[PDB]
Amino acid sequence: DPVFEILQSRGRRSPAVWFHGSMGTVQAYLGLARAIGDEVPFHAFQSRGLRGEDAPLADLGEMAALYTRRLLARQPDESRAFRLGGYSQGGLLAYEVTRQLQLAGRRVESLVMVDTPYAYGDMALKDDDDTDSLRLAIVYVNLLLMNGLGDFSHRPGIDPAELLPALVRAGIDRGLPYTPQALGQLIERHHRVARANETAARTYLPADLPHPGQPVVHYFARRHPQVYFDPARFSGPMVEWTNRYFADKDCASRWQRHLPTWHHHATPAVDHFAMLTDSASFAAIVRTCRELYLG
């Protein structure tokens, strides 16, 4: 109820269950759910702490356990295999939920990961102005996208103290339906959730699945490992740190080591943030989910 959302209720096949990215929200998956369509229920988990009702979790194992408990209670027939997936951190959650479900004696028949970075455990960043400013800008755009009011289309070095009130003004101007005060609170709440999810992801160290080969795994990759952020929609120290960090990483190969029943999908998505909006990327994801979920 606070964490569990039904995005597309209809159909008699086993549900697709997807997990939030680091923003904690699931609205980004409505397009996918509609494209898969009325024969397949589409369910998703959002972060505790969005409705302001509780403290956000900052531990990947602990949030996965929450979601696992809910799935076990909603689906008491142990012979039905789960269908899991997620974009970004949501793929990480899908993995850890697969692990905990297997520990609980359940099967996962398929796992979709959309540009999920491998969990290397070595991002040791403290919060500074630069990290907060970028995170705020990303939270803002997520609220825009959440109302169809804008695209990823932030100056470098800006202090969050100047940035946060400018995001409030731009949001009102682009037509977000809130008072200044209310939007400011929503941005801060969403920012807290994002920061906790990032902590969760950065500190996680994936354990092995009991049955590594059991799920059929489809992994979709952005076009270039070293372009996590497109360097003509993004600049500044944190953007450059992120691109440098992933430039020498092969996240798909690291995931394949845990998940041997493996299907790799290259996409032309410009950067990490374009996986669901790049048309060729999105369509490949849709075509795959249709094959996986419609028998």
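Residue numbers run from 1 along the displayed sequence.
A chain break between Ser153 and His154 is present, corresponding to 4 to 9 residues of the deposited sequence without coordinates.
Relative to its counterpart among 249-257 and 231-239, 231-239 has the higher mean temperature factor, C-alpha atoms as listed in the PDB entry. Comparing 56-64 with 43-51, the higher mean C-alpha B-factor in the PDB entry belongs to 43-51.
Of the residues listed, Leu92, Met123, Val216, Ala221, the entry assigns the biggest Cα temperature factor to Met123.
Taking the PDB entry at face value, the top CA B factor among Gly86, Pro210, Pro160, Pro117 belongs to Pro160.
Looking at the C-alpha B-factors along this chain, the one for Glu96 belongs to the lowest third. Among the modelled residues of its chain, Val193 has a C-alpha B-factor that falls in the middle third according to the deposited record. Placement of the Cα temperature factor of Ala104 within the chain: middle third of the modelled residues, per the deposited record.
Ranked within its chain, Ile6 lands in the middle third, by CA B factor from the PDB record.
For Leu71, the recorded CA B-factor ranks within the middle third of the chain. Only modelled residues enter the ranking.
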